[PDB]
Amino acid sequence: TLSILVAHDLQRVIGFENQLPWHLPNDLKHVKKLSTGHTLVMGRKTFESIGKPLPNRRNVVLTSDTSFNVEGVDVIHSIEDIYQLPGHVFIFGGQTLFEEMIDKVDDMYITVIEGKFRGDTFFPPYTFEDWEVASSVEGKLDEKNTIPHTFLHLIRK
Ligand SMILES: NC(=O)c1ccc[n+]([C@@H]2O[C@H](COP(=O)([O-])OP(=O)(O)OC[C@H]3O[C@@H](n4cnc5c(N)ncnc54)[C@H](OP(=O)(O)O)[C@@H]3O)[C@@H](O)[C@H]2O)c1
Ligand SMILES: CCc1nc(N)nc(N)c1C#C[C@@H](C)c1cc2c(c(-c3ccc(C(=O)O)cc3)c1)OCO2
């Protein structure tokens with residue numbers, strides 16, 4: 001299975017200055033639950049924002065840089081290499097990879113952050129005409145999680 005995994009706001013903002021625009025611990029938990037034991041594919045800038053590979057899953061970084069070789073990270077140099085990866089593969093970001101892959105993936109795990117943030121990077125537009133809502137779950141708010149959010153699993157029609 002090839003899936004997108006993304007958090008985007010009401011206007012599809014996903015990033016600002018190579019960081020997440022919001023702080024939302026429950027969404028990190030969400031990512032942890034979905035991707036532990038599986039594979040994340042991410043663009044080079046996304047990897048650099050994190051700085052080190054995420055624990056307990058395969059980290060794959062797409063870059064044109066043949067000098068790229070990071071401990072704990074597998075490198076690919078082409079989109080076509082993604083299709084060779086075994087198991088459940090999550091396209092993890094950022095804007096450029098999402099734009100390249102949204103017409104290719106089987107499904108999308110989207111956390112809709114229900115606010116309007118300043119962004120410089122965006123998830124591409126999509127229509128529910130092409131995507132069935134497998135599930136939609138309102139996130140729980142508390143002291144540590146103060147922005148409303150919804151977990152969507154969308155499957156290509
Ligand atoms: N909210 C979320 O769910 C979420 C998730 C992930 C990322 N983000 C955000 O997204 C933003 C970054 O997105 P971005 O588009 O600027 O960067 P990006 O997609 O993470 O990285 C782009 C880089 O990936 C490499 N690349 C992409 N396609 C390639 C291809 N076909 N062949 C070879 N290399 C390829 C290139 O690296 P080289 O230039 O090294 O060749 C390119 O410069 C950040 O703000 C980050 O915080 C948000
Ligand atoms: C948690 C953010 C997020 N949510 C959703 N729904 N999809 C995504 N693709 C990303 C993402 C991402 C990258 C940019 C990112 C940025 C971070 C992160 C992480 C991150 C760190 C740890 C774990 C984990 O332990 O599983 C997961 C994501 C991941 O920590 C704070 O800054």
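Numbers for residues simply follow the sequence, beginning at 1. Any value given below was found using the heavy atoms of this structure, including those in side chains, with hydrogens, waters and symmetry copies removed.
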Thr150 OG1 to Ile110 CD1 distance, which is reported to the nearest 0.5 Å: 11.5 Å
Salt-bridge criterion met for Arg58 and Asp74 (N-O under 4.0 Å): yes
Check: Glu114 side chain, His149 main-chain N or O, donor-acceptor pair, under 3.5 Å: no
Parallel, tilted or perpendicular, as decided by the 30° and 60° cut-offs, for the rings of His153 and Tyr109: parallel
Which atom of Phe98 lies closest to which atom of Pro124, heavy atoms considered: CB-CD, 3.8 Å
Separation between OG of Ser64 and CD1 of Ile76, rounded to the nearest 0.5 Å: 12.5 Å
Heavy-atom side-chain proximity of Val41 to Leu97 below 4.5 angstrom: yes
Distance (rounded to the nearest 0.5 Å) between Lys104 NZ and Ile91 CD1: 11.5 Å
From NE2 (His38) to CZ (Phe90), nearest 0.5 Å: 5.5 Å
Same apolar cluster: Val137 and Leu152, side chain cutoff 4.5 Å: no
Test log, rule side-chain contact (heavy atoms from CB on, under 4.5 Å), inputs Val60 and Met42: CA-CA 6 Å; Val60 176; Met42 72 196 77; over 6 Å; no
Which atom of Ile102 lies closest to which atom of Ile4, heavy atoms considered: CA-CD1, 3.8 Å
Nearest-0.5 Å distance, CZ of residue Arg12 to CZ of residue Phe122: 7.5 Å
Can you give me every donor-acceptor pair (side chain of residues 15-27, partner residue at least two apart or in another chain, under 3.5 Å) with its distance?
unit_1 : atom_1 : unit_2 : atom_2 : d
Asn26  : OD1    : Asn145 : ND2    : 3.1
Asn26  : ND2    : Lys140 : O      : 3.4
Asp27  : OD1    : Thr111 : OG1    : 2.7

Check: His77/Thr63 side-chain N/O donor and acceptor closer than 3.5 Å: no
Nearest heavy atoms of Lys32 and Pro55, plus distance in Å: NZ-O, 3.8 Å
Shortest non-hydrogen separation from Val73 to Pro53 and the atoms involved: CG2-CB, 3.9 Å
Atom pair CG/NE2 of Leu40 and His88 - distance to nearest 0.5 Å: 10.5 Å
Joint hydrophobic cluster, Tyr83 plus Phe92, side-chain heavy atoms closer than 4.5 Å: no
Student check: side-chain heavy atoms of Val105 and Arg156 closer than 4.5 Å: yes
Derivation of the side-chain hydrogen bond (donor to acceptor under 3.5 Å, both in side chains) call for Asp107 and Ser3: CA-CA 5 Å; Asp107 59 350; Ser3 309; 2.6 Å; yes
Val61-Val70 co-clustered via ILVMFWY side chain contacts under 4.5 Å: yes
Donor-acceptor pair, side chain of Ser49 and main chain of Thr46, under 3.5 angstrom: yes
Shared hydrophobic cluster for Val6 and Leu154 (ILVMFWY, side-chain gaps under 4.5 Å): yes
Minimal non-hydrogen separation, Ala134 against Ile155, with atom names: CB-CD1, 3.7 Å
Backbone of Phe128 reached by a side-chain donor or acceptor of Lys157 within 3.5 Å: yes
Pair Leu5-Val31, side-chain contact (heavy atoms from CB on, under 4.5 Å): steps then yes or no: CA-CA 8 Å; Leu5 178 57; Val31 168; 4.0 Å; yes
Short side-chain to backbone donor-acceptor contact, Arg57 and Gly37, under 3.5 Å: no
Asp106 side chain vs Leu2 backbone, donor-acceptor pair below 3.5 Å: yes
Residue pairs involving residues 120-139 (criterion side-chain hydrogen bond (donor to acceptor under 3.5 Å, both in side chains); sequence neighbours excluded): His8-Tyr126
Single-linkage hydrophobic cluster, 4.5 Å side-chain cutoff, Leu34 and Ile50 together: yes
Under 3.5 Å: donor-acceptor pair, side chain of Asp9, backbone of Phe117: yes
